[PDB]
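Here's the structure, in structure tokens; my notes come after.
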Amino acid sequence: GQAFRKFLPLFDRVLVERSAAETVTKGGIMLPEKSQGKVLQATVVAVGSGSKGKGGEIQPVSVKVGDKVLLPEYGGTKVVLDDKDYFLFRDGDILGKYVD
Amino acid sequence: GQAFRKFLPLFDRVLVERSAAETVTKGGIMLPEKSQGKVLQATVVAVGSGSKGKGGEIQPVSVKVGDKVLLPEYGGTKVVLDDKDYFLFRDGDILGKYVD
Amino acid sequence: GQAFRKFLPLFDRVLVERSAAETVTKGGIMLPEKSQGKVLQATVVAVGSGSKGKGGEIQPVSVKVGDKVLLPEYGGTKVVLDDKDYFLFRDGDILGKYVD
Amino acid sequence: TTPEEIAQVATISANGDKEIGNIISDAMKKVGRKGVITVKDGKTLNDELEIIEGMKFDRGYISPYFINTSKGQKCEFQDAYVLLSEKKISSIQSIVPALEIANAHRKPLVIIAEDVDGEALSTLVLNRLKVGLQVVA
Ligand SMILES: [Mg+2]
């Protein structure tokens, strides 16, 4: 498992950083910050060692560090690292990764 | 799994796009857009790698990209790819597919 | 599985067509249509490929196409094929088949 | 057939007051013989005639921050776009494209609607007080 800023999540837990919320549209219209909601696009900054769903070997996490992923509405835990916000999810709670 | 528009769904999730809602009948009567409801017909544009029902091998998705499917009323996640709406379902949530 | 009207249900899903409700008794008294309810007798017109209840092999559906079956009062999904009504049930939801 | 006859009728009917007859003849010259003339009280000793042209209605601002003319505490635009809504504009997505048009064409925007809720008001006031968008609701 990968550790981010002296933090290593346990089991199949993925620590991500949410992307910056948009404030200016394509046409130049500035947006209010209060009506921005929560950003569903994140990047994976830490992964766990995985879980033991099958006996014997350990299962690696499907995502890796440096992958942009799509988050669900609910299911994250707020982790404060150096007064910066990150969100802890499960491996199965991730909807899908943007590939390039 | 197969990605669509730089988006690859994870596990057994399937990304589809709903078919265009009908607006004129076969007799020639135009329909109001607010009474159209939700279109249950879709086509599979992206598939995931699948889940692991048994130990060892990984189970692929039953549907493939390019298959027309019938969706349930509830159980989809709205995904906004380049300001176009797609819907993420599970592999087991698909009711059936239209063969030809 | 066996398709019907270009529709093949997925997993252990059975598409049936409900029998016609009775409108005239054995003596000659006509029935109102609004009190007929739902017919619990149907015939199997499409079967899926089955479910992976055990590892390895695929389990065939217990019913086949052309079997008269008894439906539970809850558990069906309405499917409109060629502007005609059919119902999707699970394989285990079917109560019993009329043998002859 | 003459406005002098109109003034004579209005003067005779107002107990020989020729100023009332003259002011009714002027009002009827301006807004027409079958036009709308409304009598109300005045805070001044003398009678006066006010002509309201165009489409004036008794609905003010929604936000006081829309003032761009501090001399009369009023909003003043020229050659302005107008967006008319039969329903109350509530979602931000219902106001972003109109603001995008009004900014891409560099023209003011008057949004006349049933009401404007807090999200759309916050977007309008933020774009007025931050980047300088000529809008009024
Ligand atoms: Mg009189």
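We did not get these values from a lab; they are worked out from the coordinates using the rules stated. With ideal geometry, Cβ positions are generated from the backbone for all residues, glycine too; neighbour counts draw on all protein chains shown.
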Would you please list the contacts, defined by Cβ atoms under 6 Å and residues six or more apart or on different chains, that run from a residue in the range D:1-29 that is under 13 Å from D:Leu49 (Cβ atoms) to a residue that is within 12 Å of the ligand (Cβ to nearest atom)? D:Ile20/D:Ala14; D:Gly21/D:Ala10; D:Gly21/D:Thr11; D:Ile24/D:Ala10
Cβ-Cβ under 6 Å, sequence separation 6+ or interchain: first residue in the range B:47-58 and under 26 Å from B:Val16 (Cβ atoms), partner basic (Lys, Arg) and in a loop (DSSP other than H, G, I, E, B). Which pairs? B:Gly53/C:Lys52; B:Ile58/B:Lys52
Kindly provide the set of residues from the range C:50-88 that are loosely packed, with under 15 Cβ neighbours inside 10 Å and under 30 Å from B:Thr25 (Cα atoms), ordered by number. C:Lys78, C:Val80, C:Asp82, C:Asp83, C:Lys84, C:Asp85
For a quick check of your reading: which strands (runs of 3 or more DSSP E) sit entirely within the range C:47-94 and have at least 2 residues that are out of contact with any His (no Cβ under 7 Å at 6 or more places or on another chain), among the hydrophobic types (A, V, I, L, M, F, W, C) and more than 13 Å from chain B (Cβ to nearest Cβ)? C:68-70
Restricted to the range D:103-122 and to residues being over 19 Å from D:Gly60 (Cα atoms) and touching a residue at least 24 places away in the same chain (Cβ under 8 Å), the residue farthest from the other protein chains (Cβ to nearest Cβ) is D:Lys107
Please work out which residue is nearest to C:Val79 (Cα to Cα), limiting yourself to the range B:19-46 and to residues that are within 13 Å of chain C (Cβ to nearest Cβ) and among the β-branched types (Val, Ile, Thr). B:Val39
Of the numbered conditions (1) touching a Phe, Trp or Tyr at 6+ places or on another chain (Cβ under 9 Å); (2) charged (D, E, K, R); (3) buried (at least 19 other Cβ atoms within 10 Å of the Cβ), A:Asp12 fails exactly one; give the number of that condition. (1)
Selected residue (only one of D:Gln73, D:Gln8, D:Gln78 is among the polar types (S, T, N, Q), more than 14 Å from chain A (Cβ to nearest Cβ) and within 16 Å of the ligand (Cβ to nearest atom)): D:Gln8
Among the candidates D:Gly42, D:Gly54, D:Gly16, D:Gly35, which residue alone is more than 14 Å from chain A (Cβ to nearest Cβ), over 24 Å from D:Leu133 (Cβ atoms) and within 16 Å of the ligand (Cβ to nearest atom)? D:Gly16
Which count do you get for residues in the range B:17-48 that are among the small types (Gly, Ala, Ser) and over 24 Å from B:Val99 (Cβ atoms)? 4
Among what's in the range D:123-137 and is surrounded by 14 or more Cβ atoms within 10 Å (Cβ to Cβ) and not in a loop (DSSP other than H, G, I, E, B), pick the residue that is farthest from the other protein chains (Cβ to nearest Cβ). D:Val136
